[PDB]
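The next block is model_25.tsv, given as TSV, C-alpha atoms and all ligand atoms.
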chain	number	residue	atom	x	y	z
Z	994	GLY	CA	48.10	22.12	11.25
Z	995	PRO	CA	47.51	21.63	14.97
Z	996	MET	CA	49.76	19.41	17.03
Z	997	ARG	CA	48.34	15.87	17.31
Z	998	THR	CA	49.38	13.32	19.94
Z	999	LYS	CA	49.45	9.53	20.24
Z	1000	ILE	CA	48.57	8.12	23.66
Z	1001	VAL	CA	48.92	4.48	24.67
Z	1002	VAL	CA	47.05	3.41	27.79
Z	1003	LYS	CA	47.05	-0.05	29.38
Z	1004	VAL	CA	43.47	-0.76	30.45
Z	1005	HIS	CA	41.84	-3.56	32.37
Z	1006	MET	CA	39.60	-4.97	29.68
Z	1007	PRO	CA	39.86	-8.77	29.67
Z	1008	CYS	CA	37.17	-9.52	27.06
Z	1009	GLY	CA	35.40	-8.01	24.03
Z	1010	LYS	CA	32.54	-6.46	26.01
Z	1011	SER	CA	35.00	-4.60	28.25
Z	1012	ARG	CA	37.07	-3.53	25.27
Z	1013	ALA	CA	33.95	-2.04	23.64
Z	1014	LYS	CA	33.15	0.01	26.73
Z	1015	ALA	CA	36.73	1.34	26.88
Z	1016	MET	CA	36.70	2.16	23.17
Z	1017	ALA	CA	33.31	3.94	23.42
Z	1018	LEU	CA	34.55	6.00	26.40
Z	1019	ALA	CA	37.77	6.93	24.64
Z	1020	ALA	CA	35.93	7.77	21.39
Z	1021	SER	CA	33.66	10.23	23.23
Z	1022	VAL	CA	36.62	12.24	24.65
Z	1023	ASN	CA	37.00	15.71	23.17
Z	1024	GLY	CA	39.88	15.71	20.72
Z	1025	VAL	CA	40.04	11.96	20.13
Z	1026	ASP	CA	40.15	11.16	16.42
Z	1027	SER	CA	40.84	7.40	16.53
Z	1028	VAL	CA	40.97	4.54	18.99
Z	1029	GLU	CA	42.51	1.14	18.36
Z	1030	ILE	CA	43.25	-1.91	20.48
Z	1031	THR	CA	46.85	-3.15	20.49
Z	1032	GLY	CA	49.15	-5.51	22.43
Z	1033	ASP	CA	49.64	-9.27	22.59
Z	1034	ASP	CA	46.95	-9.38	25.31
Z	1035	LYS	CA	44.71	-6.77	23.57
Z	1036	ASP	CA	44.91	-4.59	26.67
Z	1037	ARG	CA	46.33	-1.36	25.23
Z	1038	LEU	CA	44.25	1.44	23.79
Z	1039	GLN	CA	46.06	3.54	21.17
Z	1040	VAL	CA	44.38	6.91	20.87
Z	1041	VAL	CA	45.27	9.69	18.45
Z	1042	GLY	CA	43.84	13.17	18.61
Z	1043	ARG	CA	44.19	16.85	19.32
Z	1044	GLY	CA	44.71	18.66	22.65
Z	1045	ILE	CA	43.70	15.61	24.75
Z	1046	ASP	CA	44.80	15.73	28.41
Z	1047	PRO	CA	46.30	12.20	28.81
Z	1048	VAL	CA	45.93	12.21	32.59
Z	1049	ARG	CA	42.24	13.11	32.36
Z	1050	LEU	CA	41.74	10.37	29.77
Z	1051	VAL	CA	43.34	7.84	32.15
Z	1052	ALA	CA	41.21	9.15	35.08
Z	1053	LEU	CA	38.03	8.64	33.06
Z	1054	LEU	CA	39.12	5.11	31.99
Z	1055	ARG	CA	40.13	4.15	35.56
Z	1056	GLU	CA	36.69	5.10	36.86
Z	1057	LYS	CA	35.07	2.96	34.13
Z	1058	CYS	CA	37.39	-0.08	33.82
Z	1059	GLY	CA	38.99	-0.21	37.27
Z	1060	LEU	CA	42.49	0.04	36.08
Z	1061	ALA	CA	44.26	2.22	33.60
Z	1062	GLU	CA	47.98	3.10	33.26
Z	1063	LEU	CA	49.51	5.62	30.88
Z	1064	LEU	CA	52.31	3.90	28.91
Z	1065	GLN	CA	53.31	6.36	26.15
Z	1066	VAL	CA	52.56	9.93	25.16
Z	1067	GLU	CA	54.13	11.04	21.87
Z	1068	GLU	CA	53.44	14.12	19.78
Z	1069	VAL	CA	52.80	13.18	16.15
Z	1070	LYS	CA	55.85	14.23	14.13
Z	1071	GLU	CA	54.47	15.75	10.93
Y	28	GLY	CA	79.54	-15.25	24.44
Y	29	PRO	CA	77.13	-13.94	23.64
Y	30	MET	CA	78.82	-10.56	23.91
Y	31	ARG	CA	75.46	-8.80	24.23
Y	32	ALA	CA	72.64	-10.00	26.49
Y	33	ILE	CA	70.35	-7.54	24.68
Y	34	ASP	CA	70.62	-7.83	20.92
Y	35	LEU	CA	67.83	-6.07	19.06
Y	36	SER	CA	68.75	-7.86	15.82
Y	37	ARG	CA	67.48	-11.06	17.53
Y	38	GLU	CA	64.28	-9.54	18.96
Y	39	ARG	CA	60.87	-10.26	17.38
Y	40	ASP	CA	58.98	-7.21	16.23
Y	41	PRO	CA	56.64	-5.44	18.67
Y	42	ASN	CA	52.90	-5.98	18.60
Y	43	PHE	CA	51.76	-2.69	17.06
Y	44	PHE	CA	49.50	-0.96	14.61
Y	45	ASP	CA	50.46	1.85	12.28
Y	46	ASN	CA	47.52	4.29	12.37
Y	47	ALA	CA	46.48	5.21	8.86
Y	48	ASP	CA	46.01	8.95	9.54
Y	49	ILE	CA	49.47	9.82	10.97
Y	50	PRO	CA	52.98	9.33	9.55
Y	51	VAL	CA	54.48	5.87	10.05
Y	52	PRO	CA	56.93	5.95	12.97
Y	53	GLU	CA	60.49	5.04	11.97
Y	54	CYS	CA	61.60	3.24	15.13
Y	55	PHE	CA	60.88	0.17	17.13
Y	56	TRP	CA	61.57	0.48	20.84
Y	57	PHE	CA	62.10	-2.40	23.25
Y	58	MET	CA	61.98	-2.20	27.05
Y	59	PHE	CA	63.89	-4.58	29.30
Y	60	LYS	CA	64.04	-5.30	33.04
Y	61	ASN	CA	67.15	-7.33	34.00
Y	62	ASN	CA	67.52	-8.30	30.28
Y	63	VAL	CA	63.99	-9.69	30.14
Y	64	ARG	CA	61.80	-8.04	27.54
Y	65	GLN	CA	58.76	-6.34	29.14
Y	66	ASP	CA	57.16	-4.38	26.30
Y	67	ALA	CA	57.87	-3.06	22.79
Y	68	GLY	CA	56.33	-0.57	20.42
Y	69	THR	CA	56.97	2.23	17.96
Y	70	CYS	CA	58.20	5.80	18.16
Y	71	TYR	CA	59.39	8.51	15.73
Y	72	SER	CA	63.04	9.13	14.90
Y	73	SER	CA	64.58	12.58	15.45
Y	74	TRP	CA	61.93	13.10	18.08
Y	75	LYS	CA	60.88	12.38	21.67
Y	76	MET	CA	58.26	10.61	23.76
Y	77	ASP	CA	57.19	10.26	27.37
Y	78	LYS	CA	57.20	6.65	28.50
Y	79	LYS	CA	56.38	4.53	31.52
Y	80	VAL	CA	59.53	2.55	32.43
Y	81	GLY	CA	58.88	0.33	35.45
Y	82	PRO	CA	57.72	2.73	38.24
Y	83	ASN	CA	58.98	5.85	36.47
Y	84	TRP	CA	57.67	8.30	33.86
Y	85	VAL	CA	60.57	9.13	31.57
Y	86	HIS	CA	61.19	11.66	28.80
Y	87	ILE	CA	63.02	9.77	26.01
Y	88	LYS	CA	64.66	11.49	23.02
Y	89	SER	CA	65.43	9.69	19.73
Y	90	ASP	CA	68.16	10.58	17.26
Y	91	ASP	CA	68.01	10.19	13.48
Y	92	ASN	CA	68.90	6.45	13.76
Y	93	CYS	CA	66.58	5.60	16.67
Y	94	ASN	CA	69.22	5.78	19.39
Y	95	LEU	CA	67.24	6.58	22.53
Y	96	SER	CA	68.31	8.80	25.42
Y	97	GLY	CA	66.60	8.85	28.87
Y	98	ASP	CA	67.07	8.50	32.63
Y	99	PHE	CA	65.93	4.94	33.35
Y	100	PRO	CA	65.45	3.34	36.80
Y	101	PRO	CA	67.94	0.61	37.85
Y	102	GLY	CA	67.68	-2.66	35.94
Y	103	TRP	CA	65.58	-1.02	33.20
Y	104	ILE	CA	66.45	0.18	29.71
Y	105	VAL	CA	64.63	1.26	26.55
Y	106	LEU	CA	66.53	0.68	23.29
Y	107	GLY	CA	65.65	1.65	19.78
Y	108	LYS	CA	66.23	0.45	16.28
Y	109	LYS	CA	65.19	1.67	12.89
Y	110	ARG	CA	62.45	-0.24	11.14
Y	111	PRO	CA	63.01	-1.78	7.68
Y	112	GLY	CA	62.09	0.54	4.84
Y	113	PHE	CA	63.55	3.65	6.51
Z	1101	CL	CL	48.95	6.47	34.77
Z	1102	CL	CL	51.24	5.47	11.58

Starting from the coordinates I provided, produce the structure as structure tokens.
Ligand SMILES: [Cl-]
Ligand SMILES: [Cl-]
Amino acid sequence: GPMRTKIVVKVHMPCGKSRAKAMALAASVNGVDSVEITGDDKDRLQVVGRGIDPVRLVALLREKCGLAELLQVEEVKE
Amino acid sequence: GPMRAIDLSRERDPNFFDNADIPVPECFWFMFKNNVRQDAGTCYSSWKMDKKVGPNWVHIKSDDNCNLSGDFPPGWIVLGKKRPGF
């Protein structure tokens, strides 16, 4: 099937309320299939989906959370 | 000694989550700046990823045993190892 991609973004989201806003944003992005929080500090979003533009995703997060940094983009090997 | 300042056999696992809907990635990667661990995660073997490494955005290839290849900025390195069960 179609190429899927894993994207890991560091996001400024110090508490649960801020995490929920970031997760809701990410979940609404066209081609996102899943969103999970990862990291020791719970400040990474792990997103998996189809045809997502990672830079646009980061732009949208940055203008909602105040800081967002792309850490990893990896096609899903399948 | 020690002979190696970076020894992945002595590193704790990354903080990660294997998504249920995609294949489990075979490798752990670990990123160091002047031998101090900065981050860690997962990636596929026999594959590739794009990764932030200090100030740089780097294309990193993996071989069948999680050896990683990329052009890292000075003081930085990303190293791989195969996860147990693979
Ligand atoms: Cl970025
Ligand atoms: Cl997985």

Legend entry - Residue among Z:1061, Z:1041, Z:1053, Z:1019 lying closest to chain Y, counting only C-alpha atoms: Z:1041

Legend entry - Straight-line distance linking CA of residue 1006 (chain Z) with CA of residue 1036 (chain Z), stated in Å to one decimal: 6.1 Å

Inset, instruction - Report as an MDAnalysis selection string the set of chain Z residues whose atoms approach chain Y to within 10 Å, with distances computed over only C-alpha atoms. - result: chainID Z and resid 997:1001 1026:1035 1037 1039:1041 1062:1071

Inset, instruction - In Å, rounded to a single decimal, give me how far CA of residue 996 (chain Z) is from CA of residue 1044 (chain Z). - result: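 Calculated distance between CA of residue 1044 (chain Z) and CA of residue 996 (chain Z) is 7.6 Å.
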
Inset, instruction - Find the distance between CA of residue 39 (chain Y) and CA of residue 54 (chain Y) and write it in Å to one decimal. - result: 13.7 Å

Legend entry - Counting all atoms listed in the file, the residue of Z:1060, Z:1038, Z:1022, Z:1017 that sits nearest ligand CL 1101 (chain Z): Z:1060

Legend entry - Among the residues Y:82, Y:60, Y:31, Y:106, the one that comes closest to ligand CL 1101 (chain Z) [using only C-alpha atoms and all ligand atoms]: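 Nearest to ligand CL 1101 (chain Z): Y:82.
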
Inset, instruction - Find the residue from Y:32, Y:53, Y:83, Y:65 that sits nearest to ligand CL 1101 (chain Z); use all atoms listed in the file when measuring. - result: Y:83

Inset, instruction - Kindly indicate which residue among Y:112, Y:57, Y:91, Y:96 lies nearest to residue 40 (chain Y), using only C-alpha atoms for the distances. - result: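 Checking each of Y:112, Y:57, Y:91, Y:96 against residue 40 (chain Y), counting only C-alpha atoms, the winner is Y:57.
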
Legend entry - Which of Y:63, Y:113, Y:37, Y:58 sits closest to residue 99 (chain Y) [using all atoms listed in the file]: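 Checking each candidate against residue 99 (chain Y), we get Y:58 as the closest.
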
Missing atoms in region 92-105 of chain Y need filling: write out N, CA and C atoms for it as a PDB file, in the coordinates of the input.
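Final file, selection.pdb:
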ATOM      1  N   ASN Y  92      68.771   7.904  13.968  1.00  0.00           N
ATOM      2  CA  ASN Y  92      68.900   6.450  13.760  1.00  0.00           C
ATOM      3  C   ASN Y  92      68.261   5.628  14.868  1.00  0.00           C
ATOM      4  N   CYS Y  93      67.370   6.275  15.629  1.00  0.00           N
ATOM      5  CA  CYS Y  93      66.580   5.600  16.670  1.00  0.00           C
ATOM      6  C   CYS Y  93      67.403   5.231  17.914  1.00  0.00           C
ATOM      7  N   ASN Y  94      68.560   5.874  18.092  1.00  0.00           N
ATOM      8  CA  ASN Y  94      69.220   5.780  19.390  1.00  0.00           C
ATOM      9  C   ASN Y  94      68.420   6.569  20.402  1.00  0.00           C
ATOM     10  N   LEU Y  95      68.099   5.939  21.543  1.00  0.00           N
ATOM     11  CA  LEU Y  95      67.240   6.580  22.530  1.00  0.00           C
ATOM     12  C   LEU Y  95      68.034   7.040  23.743  1.00  0.00           C
ATOM     13  N   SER Y  96      67.646   8.202  24.267  1.00  0.00           N
ATOM     14  CA  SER Y  96      68.310   8.800  25.420  1.00  0.00           C
ATOM     15  C   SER Y  96      67.243   9.063  26.502  1.00  0.00           C
ATOM     16  N   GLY Y  97      67.470   8.613  27.746  1.00  0.00           N
ATOM     17  CA  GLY Y  97      66.600   8.850  28.870  1.00  0.00           C
ATOM     18  C   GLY Y  97      67.221   8.340  30.172  1.00  0.00           C
ATOM     19  N   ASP Y  98      66.628   8.791  31.280  1.00  0.00           N
ATOM     20  CA  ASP Y  98      67.070   8.500  32.630  1.00  0.00           C
ATOM     21  C   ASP Y  98      66.242   7.350  33.205  1.00  0.00           C
ATOM     22  N   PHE Y  99      66.701   6.106  33.011  1.00  0.00           N
ATOM     23  CA  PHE Y  99      65.930   4.940  33.350  1.00  0.00           C
ATOM     24  C   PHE Y  99      66.221   4.449  34.759  1.00  0.00           C
ATOM     25  N   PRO Y 100      65.214   3.877  35.455  1.00  0.00           N
ATOM     26  CA  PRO Y 100      65.450   3.340  36.800  1.00  0.00           C
ATOM     27  C   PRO Y 100      66.332   2.091  36.753  1.00  0.00           C
ATOM     28  N   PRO Y 101      67.034   1.756  37.857  1.00  0.00           N
ATOM     29  CA  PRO Y 101      67.940   0.610  37.850  1.00  0.00           C
ATOM     30  C   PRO Y 101      67.330  -0.696  37.366  1.00  0.00           C
ATOM     31  N   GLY Y 102      68.083  -1.380  36.507  1.00  0.00           N
ATOM     32  CA  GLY Y 102      67.680  -2.660  35.940  1.00  0.00           C
ATOM     33  C   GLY Y 102      66.885  -2.504  34.646  1.00  0.00           C
ATOM     34  N   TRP Y 103      66.444  -1.272  34.345  1.00  0.00           N
ATOM     35  CA  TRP Y 103      65.580  -1.020  33.200  1.00  0.00           C
ATOM     36  C   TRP Y 103      66.349  -0.316  32.084  1.00  0.00           C
ATOM     37  N   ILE Y 104      65.955  -0.597  30.834  1.00  0.00           N
ATOM     38  CA  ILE Y 104      66.450   0.180  29.710  1.00  0.00           C
ATOM     39  C   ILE Y 104      65.409   0.135  28.590  1.00  0.00           C
ATOM     40  N   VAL Y 105      65.384   1.228  27.799  1.00  0.00           N
ATOM     41  CA  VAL Y 105      64.630   1.260  26.550  1.00  0.00           C
ATOM     42  C   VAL Y 105      65.633   1.524  25.429  1.00  0.00           C
TER      43      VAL Y 105
END
